[PDB]
Amino acid sequence: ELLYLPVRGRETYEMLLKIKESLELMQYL
Amino acid sequence: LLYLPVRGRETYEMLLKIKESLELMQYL
Amino acid sequence: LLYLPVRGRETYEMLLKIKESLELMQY
Amino acid sequence: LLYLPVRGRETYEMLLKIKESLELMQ
């Protein structure tokens, strides 16, 4: 199962979504 | 209130720290 | 301005991305 | 060693704490 991180607000959510993507790349490299 | 799906627990914890920081930036 | 010390290309580039989001939260 | 320019002490300190967590992680 995925983990589900609670977030308030679409602004913050979208930022974290983008950073997540970068972190996942980092962790694979 | 939204829920961001995350695969790794390491990613999850880092995102949790960044979220805390983003929340506090909203004060400035 | 302050100047954050960073060692390593990868870390610098990640912090640059996180910096952008931190700063945009104000707006 | 590189220096990332940042407007404002609060953002700078936030980024320092994040850097330590990032470095720990990787």
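Every chain is numbered from 1, with letters handed out A, B, ... down the list of sequences.
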Would you find more than 12 non-hydrogen atoms of other residues, nucleotides or ligands less than 6.0 Å from D:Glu23 atom CD?
yes

By the definition side chain to side chain contact (heavy atoms under 4.5 Å, CB included), identify the one residue from C:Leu4, C:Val6, C:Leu16 that meets it with D:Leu15.
C:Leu4

For D:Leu2 and C:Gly8, work out which heavy atoms get closest and say how close.
CD1-O, 4.3 Å

Quick check: do C:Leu22 and D:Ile18 have side-chain heavy atoms less than 4.5 Å from each other?
yes

D:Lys19 and C:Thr11 have their tightest heavy-atom pair at CG-CG2, 4.1 Å

Answer with side chain, backbone, both or neither: which region of D:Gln26 has an atom nearer than 4.5 Å to a non-hydrogen atom of chain C?
side chain

Nearest heavy-atom approach of C:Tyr3 to D:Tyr3 is O-CD2, 3.7 Å

